[PDB]
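just the structure for this:
(chains A and B, ligands or ions: 4)
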2 protein chains.
Amino acid sequence: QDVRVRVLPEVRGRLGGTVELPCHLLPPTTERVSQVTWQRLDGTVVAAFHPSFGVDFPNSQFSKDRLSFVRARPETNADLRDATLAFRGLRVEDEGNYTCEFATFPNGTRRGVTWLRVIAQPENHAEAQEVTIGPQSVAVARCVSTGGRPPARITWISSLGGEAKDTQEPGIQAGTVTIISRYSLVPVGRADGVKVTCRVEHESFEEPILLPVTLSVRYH
Amino acid sequence: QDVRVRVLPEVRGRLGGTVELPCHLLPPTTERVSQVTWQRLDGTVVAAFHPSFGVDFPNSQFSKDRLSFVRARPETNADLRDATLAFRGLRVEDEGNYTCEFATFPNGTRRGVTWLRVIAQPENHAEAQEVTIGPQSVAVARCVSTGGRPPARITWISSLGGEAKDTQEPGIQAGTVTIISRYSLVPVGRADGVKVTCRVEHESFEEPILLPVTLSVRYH
Ligand SMILES: *[C@@H]1O[C@H](CO[C@@H]2O[C@@H](C)[C@@H](O)[C@@H](O)[C@@H]2O)[C@@H](O[C@@H]2O[C@H](CO)[C@@H](O[C@@H]3O[C@H](CO)[C@@H](O)[C@H](O)[C@@H]3O)[C@H](O)[C@H]2NC(C)=O)[C@H](O)[C@H]1NC(C)=O
Ligand SMILES: *[C@@H]1O[C@H](CO[C@@H]2O[C@@H](C)[C@@H](O)[C@@H](O)[C@@H]2O)[C@@H](O[C@@H]2O[C@H](CO)[C@@H](O[C@@H]3O[C@H](CO)[C@@H](O)[C@H](O)[C@@H]3O)[C@H](O)[C@H]2NC(C)=O)[C@H](O)[C@H]1NC(C)=O
Ligand SMILES: *[C@@H]1O[C@H](CO[C@@H]2O[C@@H](C)[C@@H](O)[C@@H](O)[C@@H]2O)[C@@H](O[C@@H]2O[C@H](CO)[C@@H](O[C@@H]3O[C@H](CO)[C@@H](O)[C@H](O)[C@@H]3O)[C@H](O)[C@H]2NC(C)=O)[C@H](O)[C@H]1NC(C)=O
Ligand SMILES: *[C@@H]1O[C@H](CO[C@@H]2O[C@@H](C)[C@@H](O)[C@@H](O)[C@@H]2O)[C@@H](O[C@@H]2O[C@H](CO)[C@@H](O[C@@H]3O[C@H](CO)[C@@H](O)[C@H](O)[C@@H]3O)[C@H](O)[C@H]2NC(C)=O)[C@H](O)[C@H]1NC(C)=O
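Residues are numbered from 1 along each chain as shown, chains lettered A, B, ... in the order given. Ligands and ions are numbered 1, 2, ... in the order given. The coordinates are given below.
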């Protein structure tokens, strides 16, 4: 894990979206570059670049349709020190640790490693459930952050001191998860009409999203 | 530590002598080779080979005077899969773990690692010390394996049950060690003329070397 190879430790990309993973051999340019290879941790080579032999993306799983080098030079940069790797149509399966390796000469190989995270932005909905008075604590409201990656975090902003209950469950999409949160309390008459807000946090949002809902109690 | 790179785990060479360290990328030949580099563990590159840029031995310590590739081809083998590295004028300082690395394309780098040991063959001498009768246990014989690497192992084959004492000490040559072994016993009259043998074992010898000596006691 060499300082003269510059990369970013972490990099995030939207499910089914695109990311560039940057990688550079930092100058001074005091060594020739022999070839560049992007490997996964398993060892599996993802993309490879060679000044004579050209480019290759030998894994059927990370094919040329999705992977590409950003390198822009007109077929002939006096040296290929920028090794930046673009992904498209991101898969959950691409979440991984990628390793950018420069075979230099006569200096040996230098590498840098970047963690690619695939985020999925969930879909959010809340509602009140209409309830009758009674001593049993029932769900008076629910909030659901569907198909998040990673799992979203729901909390309840309410003036009444009702217990929250939540649970996980698999998302529709491979490696997404839906979070279900139920707001329960003993239904009391003064509660009718009171706004109770669902507060859902997730990587993909600038900040917590708020889904306000108004409670509904029997016999106003 | 890849199976498709063939090397030898261990390799021994005489101080101030020569060794070849062999290294091959095993066929089938299903990948192009980009460049070959021999690194020490520290990382320090010892020798490097590149099909276009040529050869280099960039470390002042392992210079071209001593290092060389055995590779024989007339400047143009269709591929340079044999990466065998010759050393000469071996130094104690070269004892190390060397790593043979093939930058392949598009396949990544494969490597193999060989431990290079520098042996020094010691010089051996033994003698009896002449002694007078007396209750005090004195050295009646000594044996010295001078300037060994690694340290030699001396033992005594004798019919009399005398205690052995030995000690280390630095050798003349950097990273050699002299072993001194004294054969002591209470000098008894029947012992005169009795052969007592020095038995010294060391890597460099086919087997244990034997230095026989005849005891010398006062008043036969
Ligand atoms: C470098 O990678 C190449 C190609 O790798 C192939 O595809 C990638 C997406 C990955 O899935 C790789 O795992 C995959 O191999 C390798 O070439 C292949 O080498 C192997 C031998 O190591 C060949 O298998 C042999 O097949 C023959 C008969 O066809 C048998 O007789 C052998 O016993 C053996 O099973 C394979 O056919 C070959 N592929 C091609 C297109 O030639 C290469 O081995 C690898 N090299 C290194 C050093 O990693
Ligand atoms: C991708 O790689 C990153 C970072 O690199 C990590 O370090 C490397 C040098 C290797 O040794 C890798 O094995 C290692 O993953 C990973 O981030 C790290 O993930 C590990 C899980 O394997 C986390 O370890 C935890 O550490 C805490 C203490 O803080 C313990 O309580 C746990 O038991 C657990 O061991 C670690 O927190 C995390 N580090 C950072 C900075 O996020 C990553 O997991 C791996 N993932 C992917 C998707 O590629
Ligand atoms: C690959 O190795 C080359 C040459 O390495 C040199 O000799 C070997 C036997 C080893 O002892 C190496 O450690 C040694 O560097 C490296 O080239 C050298 O790069 C450094 C910068 O990393 C240069 O030092 C700079 O010097 C200038 C002024 O001269 C300062 O302004 C800088 O602040 C810095 O100190 C050094 O001069 C340069 N040598 C040559 C001949 O150009 C190279 O860095 C290295 N590359 C990698 C990726 O490892
Ligand atoms: C050169 O390298 C060899 C072999 O490779 C070794 O394994 C590598 C994968 C790395 O992890 C290296 O760190 C490691 O050296 C070395 O041979 C081994 O040396 C180590 C000392 O570092 C020995 O370890 C001992 O193990 C015993 C238990 O059996 C313990 O009681 C000791 O505490 C000690 O840790 C090990 O015996 C030895 N292995 C063999 C097969 O000989 C070598 O030391 C290193 N030396 C040189 C000159 O390059």
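
kindly report the residues of chain A close to ligand 3.
Where chain A comes near ligand 3, counting by C-beta under 6 Å from any ligand atom, the residues are A:4, A:28, A:30-31, A:104, A:107, A:110. Quick note: C-beta positions are derived from backbone N, CA and C, even for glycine.

give me the domain ranges for chain A.
Annotated domains of chain A cover A:1-121, A:122-220 [curated CATH domains].

centre-most residue in chain A?
For chain A, the residue nearest the mean C-alpha position is residue A:119 (1.8 Å; C-alpha atoms, centre = their mean).

tell me which helix or strand that one sits in.
Assessed by DSSP states H and E, residue A:119 sits inside strand A:108-119.

quick one: is stretch A:198-217 near ligand 2?
No - with C-beta under 6 Å from any ligand atom as the criterion, ligand 2 is not reached by stretch A:198-217; the gap is at least 13.5 Å.

of the domains of chain A, which is nearest chain B?
Of all the domains of chain A, the one in closest proximity to chain B, counting by C-beta to the nearest C-beta, is domain A:1-121 (3.6 Å).

what's opposite the residue nearest to the centre of chain A in the beta bridge?
residue A:14 (DSSP bridges).

what of residue A:36?
residue A:49, residue A:102.

neighbours of it, just the number please.
26 (other C-beta atoms under 10 Å in any protein chain shown).

what do you get for residue A:182?
Count around residue A:182 with other C-beta under 10 Å applied: 20.

distance of residue A:58 from residue A:45?
Look at residue A:58 and residue A:45: by C-beta to C-beta, to the nearest Å, they are 6 Å apart.

those two: who's more crowded?
residue A:45 (23 against 18).

surely the more buried one and residue A:36 touch.
No - taking contacts as C-beta atoms under 8 Å, residue A:45 lies outside contact range of residue A:36: 10.9 Å.

list the contacts for the residue nearest to the centre of chain A?
Residue A:119 is in contact with A:12-15, A:149-150, A:203-204, counting by C-beta atoms under 8 Å, 6 or more residues apart in numbering or on different chains.

same deal with residue A:201?
Residues counted as contacts of residue A:201 (C-beta under 8 Å, 6+ apart) are A:152-153, A:155, A:207-209.

the residue of chain A found nearest ligand 4 and residue A:99, how far apart?
Nearest residue of chain A to ligand 4: residue A:43, at 16.9 Å (C-beta to the nearest ligand atom). Counting by C-beta to C-beta, the gap from residue A:43 to residue A:99 is 9 Å.

what's the answer for residue A:107, then?
18 Å.

ok, back up a step: tell me which of the contacts of residue A:201 fall in strands.
Using DSSP state E, the subset of these located in strands is A:153, A:155, A:209.

burial of the second one, as a residue count?
Close neighbours of residue A:155, defined as other C-beta under 10 Å, add up to 15.

any idea how far the nearest residue to it once chain neighbours are set aside lies from residue B:53?
Distances taken as C-beta to C-beta, 6 or more residues apart in numbering or on different chains put residue A:199 closest to residue A:155, at 4.6 Å, once the chain neighbours are dropped. Separation of residue A:199 from residue B:53 (C-beta to C-beta) stands at 61 Å.

with residue A:139 instead?
72 Å.

please identify which of these two sits among more neighbours.
Legend: neighbour count by other C-beta under 10 Å for residue A:139 and residue B:53, higher for residue A:139 (16 against 13).

hmm, the more buried one is touching residue A:181, no?
No - with contact defined as C-beta under 8 Å, residue A:139 does not reach residue A:181; the gap is 9.8 Å.

by proximity to ligand 2, which residue of chain A wins?
residue A:97 (3.4 Å).

quick check: residues of chain A near chain B?
By C-beta under 8 Å from any C-beta of the partner chain, the residues of chain A that approach chain B are A:32, A:34-35, A:37, A:39, A:43, A:45, A:48, A:50, A:52-53, A:56-58, A:101, A:103, A:105-109.
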